[PDB]
Every structure is written in C-alpha cells, then in structure tokens.
Amino acid sequence: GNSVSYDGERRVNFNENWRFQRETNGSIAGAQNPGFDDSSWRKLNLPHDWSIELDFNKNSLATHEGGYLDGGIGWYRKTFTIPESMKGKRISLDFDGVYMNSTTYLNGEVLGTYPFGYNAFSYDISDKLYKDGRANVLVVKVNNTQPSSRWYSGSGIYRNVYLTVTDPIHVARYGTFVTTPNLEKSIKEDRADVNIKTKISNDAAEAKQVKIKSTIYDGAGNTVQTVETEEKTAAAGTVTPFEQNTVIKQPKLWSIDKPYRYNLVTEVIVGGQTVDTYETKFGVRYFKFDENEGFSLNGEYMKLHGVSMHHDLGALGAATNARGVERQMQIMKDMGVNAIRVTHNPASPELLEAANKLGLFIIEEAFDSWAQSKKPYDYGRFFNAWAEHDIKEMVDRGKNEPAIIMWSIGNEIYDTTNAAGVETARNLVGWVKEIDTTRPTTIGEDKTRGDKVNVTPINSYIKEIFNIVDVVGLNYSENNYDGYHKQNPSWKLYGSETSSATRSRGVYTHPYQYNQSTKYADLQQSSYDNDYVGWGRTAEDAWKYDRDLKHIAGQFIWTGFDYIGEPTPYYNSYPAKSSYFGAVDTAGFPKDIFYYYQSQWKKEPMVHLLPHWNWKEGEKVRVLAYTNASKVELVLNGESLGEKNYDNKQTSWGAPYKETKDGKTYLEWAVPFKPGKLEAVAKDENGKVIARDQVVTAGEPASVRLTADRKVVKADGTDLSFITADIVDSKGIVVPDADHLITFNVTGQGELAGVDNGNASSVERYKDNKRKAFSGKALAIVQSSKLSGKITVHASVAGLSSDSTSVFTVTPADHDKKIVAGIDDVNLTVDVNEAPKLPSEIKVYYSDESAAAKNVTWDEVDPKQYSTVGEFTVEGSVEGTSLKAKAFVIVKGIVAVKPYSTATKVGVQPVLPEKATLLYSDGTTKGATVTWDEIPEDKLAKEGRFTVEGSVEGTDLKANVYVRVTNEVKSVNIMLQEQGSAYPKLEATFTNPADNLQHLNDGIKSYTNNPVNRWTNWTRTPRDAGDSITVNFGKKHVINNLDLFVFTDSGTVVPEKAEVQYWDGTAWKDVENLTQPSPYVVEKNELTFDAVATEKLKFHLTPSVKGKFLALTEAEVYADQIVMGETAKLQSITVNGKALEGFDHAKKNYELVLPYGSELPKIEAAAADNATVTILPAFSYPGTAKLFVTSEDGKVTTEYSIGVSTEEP
C-alpha cells in the first residue's frame, strides 16, 4: 500500500494497485475490515470489467441477453496512506461507476451504497481516514446478481476512480452552471451573453468572507474576459450561490463541423489569496426543435443523422478507455453521423468528452425501466427511492456539456399506459426541469407501432405522456410519422430507434430473398440488407421514411456499433453471443451498410462495390454499388459491364437527393462471375470521374500482414493502439473467407489488451493471445505502459508467413512537441541467390503522430548474405536523424524434398492435394501445383505401404508421398437401387406388430394423410427405459449422415436424444460427430456422424416425455467398413540417421547440443505397423521441434519433442 502521489492537483487519480477476488465457493467473510489478509489476491489496475475475462458459459443465468458472461459478486480492496501534504483539507472519494448494488466500506465501517450502475457517486472521506499515518483500507463490494440486464453490462469498477482534494472553502461538486441565455437574438449583434452561476460550499468551522474571480479563456489559452464579483459572507456548513454576467465579442460557436469550446477558470478568493480553482469547459451554441421545420443548430437546418450506441467497447469489455471511445466516435463520424443516443443509461465521461471534441450531439437516457422492472434484478427494483437522485445526478453532471441536446426519461417502459405512468412521467420531467431548463426532455415509446402499416390510434395515457414531454420519440413506428403530426400539430417528433436490421460482416447468403427474424444453420446474417427483425425495417425503408418528411427531426438507427449480448434472431442458440445490428462490428471493421449510410448521409463523392469476388465459375452474383454519384459502370477485367444511374429528385420542400426510377437508393447489377478484377468508376452528371473502388479475386492464403491505425501512442499507461491482422493473398489481397488461427506475441513497453474478430457466433475468449480470423480479418489491441519506448507485435499463422509491426510509445510531454519518435523496420522475403531490395526513402514518425518519408543511405549488402538460404539483418542510416534504420531479409527456398503421406481404400486413389505445400528444409511453406503419378489399382489392392512420386510444376525437385490401403473400391454415388438382399432386414429391442420395423427403411415417409408406415414401441405399460433401432450392411464404403424422420401421436412422442454406436465385429463403440439438432415436432432431422466401420449401426432412443412412447417413420443408413487395425505406439526415432541420445517414451522433450555453427539436423520417425506419425524436422536455430503419433481408432496418441540446440560459441 504505497502512499498516494500528490503534487497539488485538485483531482488525484486512484486506479493504481488495487486487489480483486470474485466469489466462487460462496460468501467470503471478513473482507470488509482492515484485518483481512489479501496477500493471495490478484493485483490489477482499477478500470476493470471482470466479466469479459471469464470464458463463455452455456448455462449462465444471463442467458443470451448478457452474452453468456457471468457477473456475480466481486470484492475490491486497496491499502493506502495519505501523505502529509493532504492533511487538514477536504478529501472525497469519487467513483465514475460501479455496476450495481455496490457497498463501499472504509476502515471497517459502511461508507454508503449506490444501487444504480451508470451514474457517478461520491463520498466524503476526510473524517474517516487515519491521520496517524497508518494504512487505510478502502473496500468496495459489487453485487451483480445475474439476470439484471437486457444487454451485456460488465461488472465491477469499470470507470475511473478519483480523489478530490480541496480547501475547506471550495466550489461545490457540480457548483458551476455557465449558460448563454437568449443567444439567438444576441448573435445577430455579434455578441454572446454569458451567465455564470457558481455554488461555493463552506465546510469550515466558521463563516468567512468569500469572493470569486471568473475568467473565460479562449480555445488557444488567451484571456477573453475576466470578471470579479462582490464579496459576500459564506455561512459555515452550507452552499452559498453566486451569479455573474459577462460577454464574449465575436464568439466562436460550437458546431458539428467546427467544435470550438471555451474554458472558464473559477478562483475562490478568501483574504486576498486564491484558495481554490475550478475549470469547466462550455460552448456557445443554441438549438431549436420546431414542430414544422425540424432540428436546426444555430441558424442552420440539419437532420439528426444518428446511431444508438451502447457502452460496451468490444474486446476490452465495459471498462472505459478514452482512446477506444474516441476511435468508435471517429468511425461513426466518418459514417456521416451527427448525433449519438446513449442507449438506456447515462454516458461515461470519456464519451461526452469525445462528443465535445469530435462534434457530435448527445441524447442522454436515464432509465431503461421505471418501477416496473424488465428483469428480476434490474434497476426497477430500486426505482422508487433512487429515481430522483439518479435523474438529478445525470442532469447535473451533463448540464454544462455543449454536445448534449436532450434528456431522455425512458425507453419502452411497460407502465406508460397507466395513470401511475403519467404521474411518474410528470414527476421525472419536473425533477429534470429543476436543474436544466435549457434542453428539452424526451421519451422513447414503442407501443404506437400497432400493425406497422396504418396510423395507430394512440392510447390515452400515452397521449398524456407525449404531451408532458417536450419532444416525442417513436420506436419502430414509422407509420405514425406524419399522421401524428397532422393530428397533433404541436408535437415535435423524431425516430428514437429505427431499422433494426441484422447483418454479419462479409456474409452474403440469400441474395434475393428478404426474410424476417429467420435463423440460419451457420448462425450468421446476410450482409445484402435482406435480413431484419419482424418489428424492424430495412435500413433503406427507415431512411426513406425519415428523408421525405421535413418535420421529422431525424432518426437514430439501431445499435450503431455491434455489442455483446442480444442476438435477437438467435434467441436461444448458444454460440450466438453478440448482436448483429451494428453497422460496424465489435472489432470496429465496417460492414457494407456502413458504406450505404456513408453514401446517404455524407456529401463528398465515393463508391463501394460490396460483394467479394471469390465465387464459383459461371454462377450469377448480385453486386450492389453504395454510391452517391449519379452514374456507375462496372469494368470487369477491362470490359465495361454497363452503366447505371440515379435520378436527381427533390423532396416536397426542395431538398435534392438521388434515387433510381425503381425507387432504390443503390445501383445494382447481376453479373456472371469469372475470376479477375471488378472495378467501379463513379462518374458525375457530366461524366467526370470523382471516385473509384474495386474488388479483385483473392488467391490462396499467403501471409498475415499487420496494420496499425496509430503508429505513435502516449506513454500514459492507458493509450491503446488497434492492430488489424488480416490473412492476405500473395498479391496483398485479403482472402474473403479465411478463418485461420492467428497467434499474437507482443513484447516491449506494452501488453496485449485484447483480441477480437467481430464474429457474433464465436465463443473464443476475448482475453487471449490468439484469435481466429473472420472474413479475412482479426483485431489485436495493445496498450502502452508508463515507460517510453517501443512496442513490437508479432503475428503468426500455421503454414503462413508471419509479420511484425512496431508501435512507438512516447511520453505525454513529448506528444506536444515535434521530435522523432522512431523509424519503422523493413521486412523482406526473397529466394536463394536473390538480392534484397532496399527502399530509397522510409517513413520516420515524430512524437506528434505525424510525419512521412525521409531520405536514407543503405549500407552495402554482400553476395554471401543472400546467396544461401538463411536469415540476416540489413542496417542503414536516415538523413534526418542519427537513429539507425534496419531491414530484415528472409532468404529461403528449394533446399530438400518435402515429405508427405496419406491413406485410402483399395482401388481408390488417395485424396492428394492438387496444390502441394513446398515445406523445404527452411521453414517456408509456399504452395504450388503438383501432378501425381497415376497410382495403379494393383498397388492399392496389395496390403502394406508404398511410395508415389509427385511432379511439382516449375520446381527443381519432385515430391513424394506414402499411402495406406483398406477394404474395397467404390464409386462416387451412394446407391442407385438394391435388387434384393438380406442387409435391409432391420432389428430392434421392441416393435409392435401393427407398426412393422421394416417401414423405417422402406423410403415412403408418412407425415401426411398418406398410408401409415412407421415403427412404434407402443404398449399398455410405460417404456421410459427406451428402445434402439439396428441396421446392417455388408458394404465397404463411406458414410456421412444419419437421417431421422419422427412419428408422433397421442401415445408416441419424439425421442429425447439419439445416441449412436457402431459394431466392428467384436464390440459396440461410440461414433463421432453426432451433431443432433434441437428437439422438434413433425419435422425432419439429420445427424452428421462421420464415416465409421458400421457392420451394424445401432442408435438408442428415450422418450422426450415420461409416460409416453416412441415412434419413427424413416431412418437412413447406407454403408459399412472396417477399421485400419490395432496399431501400437511409436517404434523408432532417429536424428541424422543416428539414435537420439536422451530419447525416452517417459520424457516430454529430448535435447541435443551440437557444436556451435553446425548444420540443422534431419529427423526420421516410424511407428508400429506403419501407424501414422507426423514428422517435422527442425528448421530454426532457436526453438524445439515436435512430433505426434496417431494409432488405432480411439484416444491413443503421444507427442515426441526434440529440442535441437547447440553449445556456446
């Protein structure tokens, strides 16, 4: 417990060296008081969401709404001492957020409790601390009992915690409310009237004479206007308010395209000396919601192009981070967004700061539910006692923000149709108006949706509430946008939520069918914009509804950014864990609808040709072009494919917009696919080109290239850098369907904060060093530490080339000065006897996140370096500074023949890859075409092993492969017809005579009124034990599935499960790859068990309902075969043809130390009866080679490792 670092700053950070322990074996007692022994607990930096670190639990009580991530009860502790500089002055402990039902103790005594989860709270700490210099013990209990939210919320102290140190006479917690009343009339005279109301708290023992000097500082730091009030008495232990009026000449208005802000420094002066200073940043802006003309900031009309964000930050969970929030706000700004509607909870301070800096409006929303709770442990349980406090808290914190434009009171609240609902809405609006009368109140109501076609007749109480609030928001109720305006001309309307469409990144299924709330077998959603929820609409529908009406202030499309939890279409699928709504996935990679909204809402020209170009030959593919230009023509491999265009239309009041004759806002073709390059050139009205975009067919995966958004970051310990790892083709084209496992290694002055790929149906933990790519991309987040320097990230995919990227970390002081931070390294890969190339200029990065190419002088490269296979470094010098450049060259290629092996059946050639992997003795894994020798059927028939020769095209050497044989030959088809046989004679444990078992393979299903053909074990007595069906074949062929068609009636019910077993002539065994879908009634089914020796296949059934019987109509099995054999474990292992010293079956690794500089050794291995063995000879000086063995048909396996090494030089 190190003492708090205090340097006179008013607010002291408090995130350092906390402790944590989550309850797992019941309540842990004694954790409240200082006497607890917490030396065994884990240490962590405070902004911390403990739920994201846990792995996904299928049985979590937060089922499919919290994302299957557990919360629970967690304990925090911190031991600290207060320096002697802080003695004798007021100290308060400020939390920006603890998720729910928090109870904080200090020195063993209860300090308070704050049920709400998204609001800051504070406690007065000065009296409780120990002034003896001994150690204090702050303890925070967090009780996030599970079913407490409709979306992933996180758990624990997920926002910053501060200490506020101030003189006994100080500005109050939020004791400053600077406003600019009547700005619209004033600005015409080029003058803003500023009114400042500051509240001074006097916690001293006696009244004192208090004076205030308030000065307005410009954006650049030069004084604008300073005013000093008149001294007035300040009674002890009370808040005494002041008030001042000033002016600003030629004020710089805060605006979306120019977010200027001022800075007010309030100095409290007692006895002719400053005693306390307070800083609040405000802005000079005025907005209006007109019932006919819509929203308008200052004098300019504009639409509220908005998105409905959540607080979850994706890979790093609910834990707040300034850079991550700013990054997602920058992406949303890049989409053309004007406003953010913080969904169903107040905003974090970082979000408001990012909105104020970037220039985005904000709509703060206080509650998701009033006293009528939506989940058992939701906040409605606490609403009656804490609603006033929480709404006042939100309005007080946010009153000074220029970004905020409205206060929302609720969203889809079930008791809004009752008299108590009107009463509590009136209460809430009154409480909001008690602090901030300069912004309208708002409510989000969905019950007006009705049939979604005609103007719903509004409920009486809903009308009352709509009359109480200043602005009315309509969720998914586009059918009332103009009806309610006509019926109620005084209402100001906007779309609080619209177009709840679903979409996965890079998924293009069902191109021409528009579905509603449909699940799919792959647990994905179509990115063609043909998928949306039942109550929602396609993005185009909502945008067209909003665009046509002047009086609609705008809309806020749903979810903006994907978030964890609420995979609506998949209401109970387990792998489905994250939303599909967002226009940008969880990792921050835009989907196609991102570019649709870019075309619709932005002004500058562009074009996006969405579907990737990796399809099968000759199949027509629907290609769309989300563009705002008036013309587009496709040029497939140089041949123009035709030109499509818009019509320059206009709305009723004269707002230009572009649309086709059909009424579609996007251009569309239907092209037959052929590999190559597909290019779209966007041409304006006169034909001038104004934008371009292309999609080119990708090749086989080649490497893993890393891109870093910000190459220079601060060394403040929290600045993040986001690294885009995407599998690429040899030409540098992202493979559109790659899903390889990327392994990240981060070393230097930083650490891996998290990884993600944006997949909504993956249960890969976010806090790990590896992540599967999804649609050819994956994300890695690295956060800097307190030490300046460099962060080096290394990514590697098995069978692919690696890549390394550098992130330079500089001190905060240097970030404001233009000095060199570092020079990026160069990575090159060449073949043997290939001279590597060195660029004439390379990029040098300064401390101000800027800078570009600079001249360099490279040192000589000798022929010896690249004339042989190996790895070496090349160094140079840049002309700008003394720092040494560096280039890494990898020289690898044809060294030795590559080994391969396979197994197959008798008379069937093995499944040999038509693209051989050229894994020479260097570590490189290039791929190339191979023409295998025609394997005679005579050799396949003969038992044993044989070698085959593979002719690789364009290589200096030829490949080889080994083979194994089994059973008998077969054709591709399953079966045409059986003339007659004893095989189809089925058997079962029990079969009613009237329900002959043979019907299950007769082929005629009897779902409908057609003649009954079924098996049924019906009896007069219960048969809850179950029954099994048996089939037999004499074949020697492949199997891939087990079909099940079920029969049901008053007596017979569907099986609870279908366990499948196989008979090999000796005993029964379990099959692999069952994959039994979920239960059903009168529906078809299939189990996907893999090919297995199935002399007899028997699967057992049990009733789904006790006291009810079992029945079936058809079950399909096809073939049979025999196992390879009872092969034993490894037999021999040798290195360089010599026995490996230290080898032992009871040792994990075998170490060999050759003389320094010796050639890498070669490895050979074998197993009993030629059991399959994976052989990987060593290729690199460091590391250790590994081998694996496969035997028999069960779990028998073993790993053999050979630690090649050498002695000292």
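Residues numbered from 1 in each chain as written, not as in the entry; some residues may be left out. Heavy atoms only, no water.

- What the entry reports as its method is cryo-EM, with 3.2 Å given for the resolution.

- Per the PDB entry, the protein chain is named beta-galactosidase, and its organism is Niallia circulans subsp. circulans.
- The title assigned to this entry in its PDB record is "beta-galactosidase from Bacillus circulans".
- Heading Sequence similarities (unreviewed entry) of the UniProt record for the protein chain holds this comment: "Belongs to the glycosyl hydrolase 2 family." (UniProt positions renumbered as here; feature names shortened; annotations may be inferred.)

1. Brief notes about the overall build of the protein chain
Consideration 1: What the protein chain contains, in helices and strands, is twelve helices and 77 strands.
Consideration 2: Oriented by its inertia axes, the alpha-carbon framework of the protein chain measures out at about 110 × 85 × 80 Å.
Consideration 3: Long-range pairs, those at least 24 residues apart, make up 69% of the contacts in the protein chain with a sequence separation of at least 6.
Consideration 4: Accessible surface computed for the protein chain: about 54000 Å², of which carbon and sulfur atoms make up 47%.
Consideration 5: Taking the average location of the 134 positive side-chain charges in the protein chain and that of its 161 negative ones, the two points are 3 Å from each other. (Helix = DSSP H or I, 4+ residues; strand = E, 2+ residues; numbered from the N terminus. Contact = heavy atoms within 4.5 Å. Areas by Shrake-Rupley, 256 points an atom, 1.4 Å probe, with all protein chains shown as cover. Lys, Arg positive; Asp, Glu negative; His and termini not counted. Charge placed at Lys NZ, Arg CZ, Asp CG, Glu CD.)

2. As for the environment of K1084
Consideration 1: Assignment of secondary structure puts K1084 in strand β68 (residues 1084–1087).
Consideration 2: Residue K1084 is classed as exposed on the basis of its relative accessible area of 64%.
Consideration 3: Spatially, the C-alpha atoms of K1084 and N637 are 45 Å apart, while their sequence positions differ by 447 residues.
Consideration 4: If sequence neighbours within four positions are ignored, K1084 has contacts with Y1007, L1044 and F1045. (Buried < 20%, exposed > 50% of the residue type's maximum accessible area, 1.4 Å probe, protein only.)

3. So, the packing of aromatic side chains
When we look at a pair of aromatic rings, we describe it by the centre distance and by the angle of the planes.
Consideration 1: Inspection of the entire model under this criterion finds 47 aromatic pairs.
Consideration 2: Between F14 and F80, the ring centres sit 5.3 Å apart and the planes meet at 90°, which makes this aromatic pair edge-to-face. Note that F14 is positioned in the loop between β1 (11–13) and β2 (18–22) and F80 in strand β4 (residues 72–80), a separation of 66 residues in sequence.
Consideration 3: Among the aromatic side chains, those forming a connected cluster through ring pairs are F14, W18, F20, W50, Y76 and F80.
Consideration 4: Positioned above the aromatic ring of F242 is the side chain of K232, whose terminal nitrogen or guanidinium carbon lies 5.0 Å from the ring centre.
Consideration 5: Over the face of the ring belonging to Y260 we find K252, whose NZ or CZ atom lies 5.9 Å from the ring centre. (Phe/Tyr/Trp six-rings, centres within 6.5 Å; stacked < 30°, edge-to-face > 60°. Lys NZ or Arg CZ within 6 Å of the ring centre and 35° of its normal.)

4. Examining the sheet that holds strand β10 (residues 161–166)
Consideration 1: Here we have four strands laid out as an open sheet, ordered β1-β10-β5-β8, and antiparallel in their pairing. Sheet topology places β1 and β8 (121–124) at the edges, where each strand pairs with a single neighbour. Going from strand to strand, the sheet's axes swing by 25° on average, the running direction of each strand aside.
Consideration 2: Sheet topology note: the strand β5 (residues 90–95)/β10 ladder contains six bridges and is antiparallel. (Pairing = 2+ DSSP bridges. Axes fitted to C-alpha atoms, helices over the stretch in contact; angles between N-to-C directions.)

5. Details of the packing of helix α3 (residues 322–334) against helix α4 (residues 349–358)
Consideration 1: Axis separation between α3 and α4 bottoms out at 9 Å; the angle between their running directions is 45°. By the angle between their axes, α3 is oblique relative to α4. Like other packed secondary-structure pairs, α3 and α4 cross with a definite hand, here right-handed. Counting all contacts with α3, which are made through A322, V325, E326, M329, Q330 and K333, the residues of α4 involved are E350, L351, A354, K357 and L358.
Consideration 2: Residue composition of the contact of α3 with α4, by class: six nonpolar, one polar and four charged. (Parallel < 35°, antiparallel > 145°, perpendicular 65-115°, else oblique. Left-handed = near helix turned anticlockwise from the far one by under 90°. Nonpolar A, V, L, I, M, F, W, Y, C, P; charged D, E, K, R; others polar.)

6. A look at the side chain of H608
Consideration 1: Within the secondary structure layout, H608 lies in strand β33 (residues 607–609).
Consideration 2: A polar contact is formed between the side chain of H608 and the side chain of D592, at a distance of 3.0 Å.
Consideration 3: Those residues in contact with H608 that lie beyond four places of it in its chain are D592, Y595, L624, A625, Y626 and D693. (Polar contact = N/O pair within 3.5 Å; in protein donor to acceptor, adjacent residues only side chain to side chain.)

7. Side note on the sheet that holds strand β72 (residues 1138–1139)
Consideration 1: The strand order across the open sheet built from three strands is β72-β71-β74, with neighbouring strands paired in antiparallel fashion. Among the strands making up the open sheet, the edge pair consists of β72 and β74 (1163–1167).
Consideration 2: Here strand β71 (residues 1130–1135) pairs with β72 via two bridges, running antiparallel. Of the residues in β72, the one forming a bridge with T1134 is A1139.

8. Description of the pattern of salt bridges
In a structure, side chains of opposite charge can pair up when their charged atoms sit close to one another.
Consideration 1: Scanning all chains against the criterion turns up 66 salt bridges.
Consideration 2: The partner of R1023 in a salt bridge is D1027, and the shortest N-O contact between them spans 2.8 Å.
Consideration 3: The class for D1027 is buried, based on a relative accessible area of 0%.
Consideration 4: Each of the salt bridges in this network shares a partner with another, and the network as a whole consists of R323, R710, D719 and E849. (Salt bridge = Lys/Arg side-chain N within 4 Å of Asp/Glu carboxyl O.)

9. As for unusual backbone geometry
Leave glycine aside and you will find that most residues have negative phi; peptide bonds, for their part, are mostly trans.
Consideration 1: Here the phi dihedral of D529 falls at roughly 75°; this positive angle occurs in a residue that is not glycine.
Consideration 2: Here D529 shows up in the loop between β30 (515–516) and β31 (531–532).
Consideration 3: Within the chain, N833 stands out as a residue other than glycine whose phi angle is a positive 65°.
Consideration 4: Along the chain, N833 turns up in the loop between β52 (826–830) and β53 (841–846).

10. Topic: the nonpolar core
Consideration 1: Ranked by internal contacts, the top residues of the largest apolar core, which has 140 residues, are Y76, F295, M335 and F361.
Consideration 2: If one sorts the elements of this core by residue count, helix α6 (residues 419–433) sits on top with six residues.
Consideration 3: For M335, the contacting residues outside a window of four places in its chain are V307, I557, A583, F594, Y597, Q598, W601 and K602.
Consideration 4: Grouped together as the second largest cluster of nonpolar side chains are 28 residues, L1000, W1015, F1033 and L1042 included. (Core = buried A, V, L, I, M, F, W, Y, C linked by side-chain atoms within 4.5 Å.)

11. Some remarks on α4
Consideration 1: Of all the ten residues making up α4, seven are buried; the element is thus mostly covered by neighbouring parts of the structure.
Consideration 2: Of the residues making up α4, those classed as buried are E350, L351, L352, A354, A355, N356 and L358.
Consideration 3: In this structure, the buried residues of α4 make contact with α3, β25 (361–365), α5 (383–398) and β26 (404–411).
Consideration 4: Immediately downstream of α4, the backbone of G359 shows phi near 80°, a positive value.

12. Thoughts on the side chain of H310
Consideration 1: Structurally, the position occupied by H310 is in the loop between β23 (304–308) and α3.
Consideration 2: Residue classification places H310 among the buried residues on the basis of a relative accessible area of 6%.
Consideration 3: At 3.3 Å, the side chain of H310 and the side chain of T343 are in polar contact.
Consideration 4: The contact partners of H310, leaving out residues within four places of it in the chain, are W151, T343, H344, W558 and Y563.

13. Topic: a nonpolar patch on the surface
Consideration 1: A cluster of nonpolar side chains, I894, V897 and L957, forms an exposed patch at the surface whose accessible area comes to about 220 Å².
Consideration 2: According to the relative accessible area criterion, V897 is partly exposed, its value standing at 40%. (Patch = residues over 30% accessible without salt bridge, like charges linked within 9 Å, V, L, I, M, F, W, Y side chains within 5 Å.)

14. Structural notes on the pairing of strand β11 (residues 169–179)
Consideration 1: Of all eleven residues in β11, ten are buried, a share of seventy percent or more.
Consideration 2: Both β11 and strand β12 (residues 191–202) contribute to a ladder of seven bridges, which runs antiparallel. Note on β12: the bridge partner recorded for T179 is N195.

15. Comments concerning the packing of helix α9 (residues 539–547) against helix α10 (residues 592–601)
Consideration 1: Between α9 and α10, whose axes approach to 12 Å, the crossing angle comes to 20°. It follows from the interaxial angle that α9 and α10 lie roughly parallel. Our pair here, α9 against α10, has a crossing hand that is right-handed. Mapping the contact onto sequence places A539, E540, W543 and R547 in α9 and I593, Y596, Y597, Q600 and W601 in α10.
Consideration 2: Looking at the contact of α9 with α10, its residues break down into six nonpolar, one polar and two charged.

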